[PDB]
Colleague: 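Below you'll find the structure I mean.
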Amino acid sequence: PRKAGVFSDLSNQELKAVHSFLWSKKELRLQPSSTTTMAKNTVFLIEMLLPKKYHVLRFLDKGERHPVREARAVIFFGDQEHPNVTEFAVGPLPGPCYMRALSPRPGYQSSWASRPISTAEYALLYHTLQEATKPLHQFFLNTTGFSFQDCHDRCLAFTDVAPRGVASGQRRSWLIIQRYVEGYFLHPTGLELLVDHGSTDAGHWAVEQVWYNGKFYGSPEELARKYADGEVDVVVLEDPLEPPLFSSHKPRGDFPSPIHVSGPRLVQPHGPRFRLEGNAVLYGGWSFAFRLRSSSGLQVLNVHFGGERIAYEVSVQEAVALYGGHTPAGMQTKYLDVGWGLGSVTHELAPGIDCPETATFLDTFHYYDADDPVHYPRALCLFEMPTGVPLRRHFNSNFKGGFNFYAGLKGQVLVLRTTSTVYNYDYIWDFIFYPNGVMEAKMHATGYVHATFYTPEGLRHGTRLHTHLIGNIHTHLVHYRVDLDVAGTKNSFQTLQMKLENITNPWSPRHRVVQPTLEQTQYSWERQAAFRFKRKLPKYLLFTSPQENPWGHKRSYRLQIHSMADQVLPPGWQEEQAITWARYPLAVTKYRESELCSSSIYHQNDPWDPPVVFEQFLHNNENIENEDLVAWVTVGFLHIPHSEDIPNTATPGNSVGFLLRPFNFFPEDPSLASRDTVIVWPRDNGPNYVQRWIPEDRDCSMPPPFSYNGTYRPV
Amino acid sequence: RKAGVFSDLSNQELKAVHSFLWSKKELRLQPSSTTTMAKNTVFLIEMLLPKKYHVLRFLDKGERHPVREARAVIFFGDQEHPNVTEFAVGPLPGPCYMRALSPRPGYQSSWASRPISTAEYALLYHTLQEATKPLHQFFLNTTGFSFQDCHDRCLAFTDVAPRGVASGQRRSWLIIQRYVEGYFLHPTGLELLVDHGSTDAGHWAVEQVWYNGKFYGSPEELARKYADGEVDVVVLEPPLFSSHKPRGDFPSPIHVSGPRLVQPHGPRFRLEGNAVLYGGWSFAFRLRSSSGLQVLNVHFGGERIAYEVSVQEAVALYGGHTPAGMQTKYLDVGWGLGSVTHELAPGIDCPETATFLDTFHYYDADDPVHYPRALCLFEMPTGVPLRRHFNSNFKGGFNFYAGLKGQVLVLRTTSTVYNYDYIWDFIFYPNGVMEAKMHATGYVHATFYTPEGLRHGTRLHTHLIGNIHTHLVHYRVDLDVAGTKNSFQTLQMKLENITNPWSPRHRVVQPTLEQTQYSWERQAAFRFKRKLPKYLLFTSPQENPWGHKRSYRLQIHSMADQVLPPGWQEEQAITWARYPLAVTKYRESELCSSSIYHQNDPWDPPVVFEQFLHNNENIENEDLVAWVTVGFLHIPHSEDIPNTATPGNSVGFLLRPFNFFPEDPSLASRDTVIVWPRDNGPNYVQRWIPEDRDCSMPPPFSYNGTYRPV
Ligand SMILES: *[C@@H]1O[C@H](CO)[C@@H](O[C@@H]2O[C@H](CO)[C@@H](O[C@@H]3O[C@H](CO)[C@@H](O)[C@H](O)[C@@H]3O)[C@H](O)[C@H]2NC(C)=O)[C@H](O)[C@H]1NC(C)=O
Ligand SMILES: *[C@@H]1O[C@H](CO)[C@@H](O[C@@H]2O[C@H](CO)[C@@H](O)[C@H](O)[C@H]2NC(C)=O)[C@H](O)[C@H]1NC(C)=O
Ligand SMILES: *[C@@H]1O[C@H](CO)[C@@H](O[C@@H]2O[C@H](CO)[C@@H](O)[C@H](O)[C@H]2NC(C)=O)[C@H](O)[C@H]1NC(C)=O
Ligand SMILES: *[C@@H]1O[C@H](CO)[C@@H](O[C@@H]2O[C@H](CO)[C@@H](O)[C@H](O)[C@H]2NC(C)=O)[C@H](O)[C@H]1NC(C)=O
Ligand SMILES: *[C@@H]1O[C@H](CO)[C@@H](O[C@@H]2O[C@H](CO)[C@@H](O)[C@H](O)[C@H]2NC(C)=O)[C@H](O)[C@H]1NC(C)=O
Ligand SMILES: *[C@@H]1O[C@H](CO)[C@@H](O[C@@H]2O[C@H](CO)[C@@H](O)[C@H](O)[C@H]2NC(C)=O)[C@H](O)[C@H]1NC(C)=O
Ligand SMILES: N=C(N)c1ccc(/N=N/Nc2ccc(C(=N)N)cc2)cc1
Ligand SMILES: N=C(N)c1ccc(/N=N/Nc2ccc(C(=N)N)cc2)cc1
Ligand SMILES: [Ca+2]
Ligand SMILES: [Ca+2]
Ligand SMILES: [Ca+2]
Ligand SMILES: [Ca+2]
Ligand SMILES: [Cu+2]
Ligand SMILES: [Cu+2]
């Protein structure tokens with residue numbers, strides 16, 4: 001379990017050591033992230049940098065030395081004539097000595113414009129709006145009762161929209177103005193503002209355009225004039241500050257059948273049946289390591305069942321929400337969450353609500369837009385839960401009023417979970433491990449919708465959810481990397497289909513038999529295994545090893561996709577360059593260290609010219625017979641908002657993902673080693689014999705009282 | 001309870017119908033168990049639901065309880081021209097009439113169409129025992145088992161349906177097996193075709209024999225060829241591979257029990273008879289002996305959503321290298337899908353905290369039969385919150401955390417006809433979402449291994465091929481969204497390409513919302529070839545407060561496709577499987593998509609779903625019925641030994657409110673917890689129900705395993 005350490009995230013200590021090394025280089029002229037100027041040099045992100053697979057596998061499988069441990073460090077060089085973002089690999093860990101260039105992109109000139117927004121930048125944007133919108137102060141008070149200047153409890157706020165412009169190198173953002181109340185996401189005022197914030201001198205930033213209640217106005221001063229002159233159709237909003245606010249989670253209404261007591265709960269008197277130690281997990285047949293990459297999110301690594309490898313890596317790669325709208329902000333919105341630190345917004349899981357009270361909760365540290373490493377309490381959880389359906393069961397009737405036996409194995413599953421709450425939405429990320437060698441990836445969407453001011457024109461792009469509220473139509477798309485190494489690194493890909501044959505009936509020659517046969521298709525080249533949404537996706541998608549099981553069949557794992565995704569943007573059109581992976585529910589590539597990721601932190605703010613274009617991995621149409629293969633999976637769903645999304649979208653029916661299932665991999669059902677199986681046998685003239693291999697449990701235990709902290713701070 | 005109008009017959013009611021019929025001396029009734037096909041016998045008795053018109057007047061307009069009746073299916077085999085006829089028997093209590101149902105003028109295959117029975121199997125065994133006598137030494141040498149003086153080493157058979165090549169035939173391929181633990185997986189390589197059409201079992205014959213890839217004409221011919229050395233013969237303590245007994249070792253052994261649910265405060269749903277209340281939900285249920293589980297009169301928040309959600313048919317369609325294998329198209333309603341609801345094991349099949357319900361069935365029995373723990377009803381945590389939000393202040397703290405623990409109510413039964421166990425769930429979420437689900441487990445339908453079999457299946461063991469097949473299930477979904485009169489619409493996203501209104505040299509290419517209305521049945525019959533829209537909506541004319549039509553959305557979870565060619569022979573029995581979704585106008589003559597007769601006369605069955613669309617009726621503002629096909633291709637693999645497992649082996653659908661309620665309907669729940677920060681103190685944890693950490697023990701495990709008259 002020390003070996004799983006090669007995959008582990010950086011400790012608080014290691015993050016400090018990397019940060020100190022960087023700070024000791026006086027030439028870098030580094031300032032804290034919190035300093036309120038853009039014209040500074042700052043370390044924006046530090047996270048572990050995974051060593052090459054070749055070296056990790058020699059360490060894991062051939063006894064060779066532990067590879068060098070390094071950190072990725074992203075530095076924003078804003079304090080120079082030509083600002084840029086540059087990345088370094090810092091190592092070794094422990095004892096950093098060097099910083100070497102990482103992911104260089106020579107000849108590209110928009111790296112500064114491509115960079116993620118930061119807390120300092122938001123502060124400066126607030127200052128720009130407080131100044132720029134002075135002409136509108138009375139307009140604000142009259143229409144909303146709230147303001148930007150001299151406010152305390154009745155403040156206007158903004159939600160920014162990305163991407164930020166119409167071409168590579170621009171940083172011009174539409175801002176949706178809202179009333180800062182409980183669940184403020186759902187309180188747009190009808191004003192939206194376009195701000196050019198490209199310059200490293202915030203004094204140059206300007207509101208370049210204004211939209212209010214269906215019209216463009218050019219400047220805050222023009223809107224103020226036209227309002228002063230009685231030429232603006234305004235919407236005066238009611239005061240929001242007994243009954244709860246519509247955007248609140250507070251209970252209201254009554255069910256016809258009163259529920260006064262707590263529902264049923266899990267108890268775990270015997271404690272966990274999995275072994276978690278550091279970032280290593282053992283659970284029955286399973287063995288795996290996990291990590292939480294600050295940039296991109298949850299990964300499980302080096303996944304084995306029964307002592308044989310199934311997958312080197314299964315990871316979240318990108319999460320997108322692609323909008324339409326009647327408002328300029330709405331029509332602009334294409335959120336790419338890795339551009340916001342999808343793996344860094346792993347906020348505190350509430351025991352008994354977010355995970356069972358019996359779960360193991362784990363803390364982590366992130367360094368993402370921070371002055372020091374920040375402690376995130378209960379960022380992850382791991383728990384076993386009964387599924388409520390048996391893994392297998394059979395009643396073997398004697399067809400004479402009794403039975404020969406009943407057999408069953410109670411359903412349990414191991415769940416590794418984190419969340420991501422970048423702003424309005426909360427995504428719940430699960431990897432799930434069944435005792436029979438089946439593993440599942442799942443995402444559940446909850447939290448608040450991205451919403452805009454209601455006008456009649458909005459109904460072509462959304463649904464009216466409240467008096468002044470439209471839920472814009474959009475699609476959620478998530479990309480997973482699935483580096484299966486089925487029984488080893490060298491695999492092939494094949495599909496199975498049912499095809500009818502029409503033959504003479506062998507026992508009645510005047511007749512025909514029209515019946516299913518089993519058809520196998522082999523794939524030799526990447527392009528053949530790149531399935532577009534328009535193409536028919538076969539029902540059996542197999543990743544095979546050349547090794548056979550005892551019955552002469554190739555040992556395989558099967559991929560099963562659960563999605564309602566489809567092609568959203570036209571292939572090849574503008575921002576679609578950033579999400580070319582979304583063309584493919586499934587694509588298979590040959591492994592390469594230069595293609596470890598389908599997205600990046602830079603994609604959100606330069607979608608026109610990003611550093612990774614997934615389609616390019618298919619350009620060379622490589623041979624994929626007996627190679628190290630990587631499956632890439634797109635799952636998703638169209639979300640047309642509806643009134644039941646108020647105040648939050650709920651999880652039921654709102655999940656997507658995929659299963660990996662053994663297919664001729666094992667000689668028989670690998671759950672057979674479980675001792676939880678029960679078989680009941682009849683006895684002549686007596687009570688039945690209940691055969692067990694583990695004693696019946698009726699024991700009891702209690703969880704600790706509920707607590708919740710809510711803060712995340714350096715330690 | 002008004003829900004009683006939907007309830008199954010009690011033990012008392014079944015006896016009353018049975019006594020009444022037996023008091024009619026001219027029916028010449030004999031018990032199901034009598035060992036002859038030349039008898040008249042009552043095969044099935046179940047409740048016959050009254051017409052929807054009368055039920056809704058009773059429920060909604062305070063009118064009289066409808067007349068309660070039974071369906072009685074009588075096999076008239078003790079006459080020159082045997083047939084099956086069905087009767088409405090009533091009223092209940094105190095039956096005094098017997099009215100014949102559903103005549104079919106010109107149809108001549110009634111008798112052949114009828115289900116198989118225990119007495120018929122007993123006669124088939126006798127036939128095999130006599131007919132295979134010449135093969136006695138062949139059996140002993142090749143298998144060590146036989147049909148005669150065999151004791152603990154007996155051969156058995158698995159029959160296959162349908163039974164012939166045309167309407168009116170009763171000619172069955174029988175797969176010979178060794179009768180050991182999990183005998184399903186022990187084929188010997190012999191298959192026999194028996195003609196058992198005659199009501200005189202003395203006339204039944206083995207008309208054909210297949211052994212290890214060759215046809216042999218008769219048992220006598222196979223015996224002589226064996227003796228003459230002209231047959232390629234296959235001659236056949238850890239647990240048996242077909243046993244569920246544990247073997248092997250995990251790398252990290254588990255020696256203790258896993259987590260379990262406790263319910264110290266009792267159920268949070270109310271069950272009274274067949275009526276359920278849970279949060280916003282009210283509904284009734286029944287277990288129809290012929291066709292299985294139904295939920296009826298489903299309300300959320302005092303408003304109707306569905307009049308009926310019911311299992312209609314469950315099919316498994318095979319290909320194979322052996323005659324039995326290539327013959328097999330199982331239709332489970334022809335075997336009493338709702339009658340094989342065998343005992344649920346507490347803690348394994350349902351949680352130990354579940355409420356288990358008994359039922360009575362009269363299906364191929366001498367008297368009504370008590371089935372213990374036939375169904376269960378339980379609430380369980382889903383392990384994922386129904387909703388949650390962390391409202392960051394983006395400065396190292398929070399404004400609040402809000403969450404609602406996930407719970408669902410599950411109504412469950414099973415069906416084990418023979419080898420497979422189907423687990424049928426209807427699931428109710430606190431936010432007005434209900435789900436139907438079926439999970440497959442148990443033993444696969446398997447045949448004897450030869451190399452030629454690998455074109456139709458997978459080798460699973462030394463002598464065993466798992467044959468390729470598709471499972472298909474049909475559901476009837478009679479949604480009455482806020483009322484009987486509904487329309488059907490779909491929503492799609494479509495891109496527009498416009499001038500960027502704030503940068504005119506550029507374009508905005510973006511999503512718009514496109515609505516499609518449907519006027520005629522045929523427009524709403526979606527074939528597997530056709531693209532299924534992402535939003536399938538059943539709509540009321542009533543609007544919510546935001547001016548959008550109150551609707552429920554259907555979301556299908558399936559891997560099904562077109563299996564048999566439309567129009568070809570047995571496909572006539574499963575025309576519904578052309579459509580993942582079809583929408584019809586409600587009619588009393590179209591309550592079911594299948595029947596107990598479809599299995600044994602699939603060429604000319606009494607209900608052809610496609611015909612329901614022939615008149616292509618208007619579906620604007622009508623009583624609509626949605627019909628849903630879900631299923632999956634199952635290519636067997638070695639992990640299916642000894643049994644297929646449930647993970648990833650489930651299909652079904654969701655019904656989700658869509659602009660039906662003004663806001664999230666779960667907001668009435670008092671389980672919600674909100675955590676608020678406080679100046680210079682601990683956070684305030686706001687609750688509307690006290691925190692509970694109590695634990696209790698469930699009942700100790702018991703299992704009976706018998707199902708008998710009481
Ligand atoms: C992005 O910005 C970084 C940091 O400003 C650039 O790297 C820096 O490049 C400069 C000039 O090429 C190096 O500065 C010094 O230049 C003098 C020239 O007289 C030379 O004699 C010194 O030896 C030294 O190289 C500087 O070392 C280097 N800084 C770091 C931390 O590597 C980077 O080139 C910019 N990227 C792009 C693509 O423009
Ligand atoms: C399976 O093949 C058979 C034989 O080719 C087809 O049966 C023939 O169909 C045509 C009608 O289109 C008849 O005129 C012939 O008399 C039939 N021949 C025989 C030998 O029966 C049959 O249509 C095919 N079925 C399918 C579903 O493909
Ligand atoms: C959240 O967690 C922090 C860290 O444990 C708590 O900070 C502690 O506050 C208590 C006061 O009860 C002191 O005893 C400790 O010295 C504090 N430690 C640090 C490192 O600050 C904090 O109180 C918790 N906040 C809430 C709202 O529950
Ligand atoms: C099926 O057989 C039944 C019972 O033998 C027939 O029903 C009888 O029909 C005769 C003459 O039509 C009536 O006088 C009897 O009263 C009927 N008996 C009962 C119990 O209903 C019936 O005609 C046959 N059905 C068909 C389609 O031939
Ligand atoms: C959206 O519409 C615009 C305008 O019709 C299309 O852009 C034109 O494309 C042609 C051929 O590529 C060019 O020669 C014209 O100069 C373009 N016109 C303008 C005004 O830009 C555009 O291709 C369409 N985009 C999509 C994805 O359909
Ligand atoms: C299964 O259930 C039946 C019904 O309760 C049990 O039979 C009863 O057993 C008691 C105790 O011996 C007898 O006194 C009664 O006469 C039986 N009642 C009836 C109605 O038959 C039976 O023992 C149970 N079987 C098993 C194996 O647990
Ligand atoms: N899903 C997303 N990527 C996403 C959606 C909306 C969004 N808007 N954020 N706006 C936003 C505005 C101000 C602050 C601040 N005071 N620190 C923080 C965030 C940011 C990201
Ligand atoms: N899925 C099905 N419908 C189905 C599958 C297989 C099947 N075969 N049954 N064989 C079978 C044989 C003998 C008996 C008897 N001794 N009573 C009962 C059943 C019957 C039905
Ligand atoms: Ca390639
Ligand atoms: Ca690989
Ligand atoms: Ca019709
Ligand atoms: Ca209806
Ligand atoms: Cu959404
Ligand atoms: Cu199957």
Side-chain angles (χ1 to χ4, degrees), chain A residues 396-399 401 404 516, chain B residues 33 115-126 128 154-163 172-177 179 183-184 194 313-318 324 327-337 339-340 364 415-419 421-422 438-447 457-458 466-473 520-522 524-525 559 582-587 589-590 596 598-600 609-619 622-625 627 631-637 640 643-646 649-651:
Chain A
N396 200 250
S397 184
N398 69 7
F399 310 103
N404 302 314
Chain B
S33 61
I116 195 142
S117 67
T118 298
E120 191 162 9
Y121 281 125
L123 290 158
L124 283 171
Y125 264 103
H126 175 66
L128 288 187
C154 292
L155 297 173
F157 74 84
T158 287
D159 65 320
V160 148
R163 306 175 191 274
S172 297
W173 279 105
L174 309 176
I175 301 166
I176 305 310
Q177 294 151 329
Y179 186 58
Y183 59 90
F184 312 106
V194 180
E313 185 57 282
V315 181
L317 310 173
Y318 290 82
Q327 188 68 22
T328 309
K329 297 177 181 78
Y330 285 130
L331 283 56
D332 285 349
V333 165
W335 303 82
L337 185 44
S339 81
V340 283
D364 186 30
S415 60
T416 310
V417 174
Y418 186 69
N419 50 300
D421 300 72
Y422 298 146
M438 185 285 299
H439 316 259
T441 182
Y443 291 90
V444 295
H445 184 50
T447 54
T458 302
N467 297 59
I468 186 162
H469 58 287
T470 307
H471 299 260
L472 294 166
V473 172
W520 309 103
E521 287 179 320
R522 177 55 62 190
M559 292 180 285
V583 176
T584 71
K585 186 174 178 191
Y586 183 95
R587 302 181 156 256
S589 63
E590 296 176 353
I596 68 172
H598 281 52
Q599 176 66 102
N600 286 341
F609 182 82
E610 183 72 20
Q611 290 169 2
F612 296 5
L613 306 167
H614 278 183
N615 57 2
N616 192 13
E617 302 171 271
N618 190 267
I619 60 167
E622 301 284 355
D623 191 353
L624 305 188
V625 177
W627 302 87
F632 60 97
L633 176 64
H634 182 185
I635 297 180
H637 48 109
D640 283 320
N643 275 189
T644 299
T646 57
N649 270 328
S650 88
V651 289

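Whatever order the structure lists ligands and atoms in, that order sets their numbers, starting from 1. Every chain is numbered from 1, with letters handed out A, B, ... down the list of sequences. Excluded from the calculations below are hydrogen atoms, water molecules and symmetry mates; all remaining heavy atoms, backbone and side chain alike, are included.
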Colleague: How about B:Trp627 and B:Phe612: do any of their side-chain heavy atoms sit closer than 4.5 Å?
Modeller: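 Yes - at least one pair of side-chain heavy atoms lies under 4.5 Å apart.
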
Colleague: Considering only heavy atoms of A:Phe399, which atoms of ligand 8 have at least one such atom less than 4.0 Å away?
Modeller: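 In order of numbering, the contacting atoms are 17 (N).
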
Colleague: Which of the numbered atoms in ligand 8 are below 4.0 angstrom from a heavy atom of B:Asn419?
Modeller: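 Those qualifying, in numeric order: 5 (C), 6 (C).
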
Colleague: Given B:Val340, B:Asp332, B:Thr118, identify the one with the heavy atom nearest to atom 2 (C) of ligand 8.
Modeller: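 Nearest heavy atom to atom 2 (C) of ligand 8 lies in B:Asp332.
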
Colleague: Can you check whether B:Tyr125 and B:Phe157 have ring centres sitting under 6.0 Å from each other?
Modeller: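 That pair passes the under 6.0 Å test.
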
Colleague: Would you check, one step at a time, whether the test side chain to side chain contact (heavy atoms under 4.5 Å, CB included) holds for B:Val625 with B:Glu590?
Modeller: CA-CA 10 Å; B:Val625 177; B:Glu590 296 176 353; over 6 Å; no

Colleague: Heavy-atom distances under 4.0 Å decide this one: backbone, side chain, both or neither, for B:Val160 against ligand 8?
Modeller: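 Near ligand 8, B:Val160 shows nothing, with every heavy atom at 4.0 Å or more.
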
Colleague: Taking only non-hydrogen atoms of B:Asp159, do any sit less than 4.0 angstrom from ligand 8?
Modeller: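 Yes, B:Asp159 has a heavy atom closer than 4.0 Å to ligand 8.
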
Colleague: Is it the case that the side chain of B:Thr441 and the backbone of B:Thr644 share a donor-acceptor pair, with hydrogens and angles ignored and the cut-off at 3.5 Å?
Modeller: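 Present.
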
Colleague: Does any N/O atom on B:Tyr330 come nearer than 3.5 Å to any N/O atom on ligand 8?
Modeller: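 No - when backbone and side-chain N and O of B:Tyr330 are compared with those of ligand 8, no distance drops under 3.5 Å.
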
Colleague: How many degrees, to 10°, between B:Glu521 OE1 and B:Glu617 OE1 as seen from the Ca ion (ligand 11)?
Modeller: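 Once rounded, the angle between the two atoms at the Ca ion (ligand 11) is 100°.
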
Colleague: Compute the ring centroids of B:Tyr330 and B:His445, then answer whether they are less than 6.0 Å apart.
Modeller: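 Between B:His445 and B:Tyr330, which both carry aromatic rings, the centre distance is below 6.0 Å.
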
Colleague: Taking backbone and side chain together, does B:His445 place any N/O/S atom at a distance below 2.8 Å from the Cu ion (ligand 14)?
Modeller: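 Given the 2.8 Å cut-off, B:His445 does not count as a ligand of the Cu ion (ligand 14).
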
Colleague: If the cut-off is 3.0 Å, does any N/O/S atom of B:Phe612 fall short of it from the Ca ion (ligand 11)?
Modeller: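 Within the cut-off used here (under 3.0 Å), B:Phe612 does place an N, O or S atom near the Ca ion (ligand 11).
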
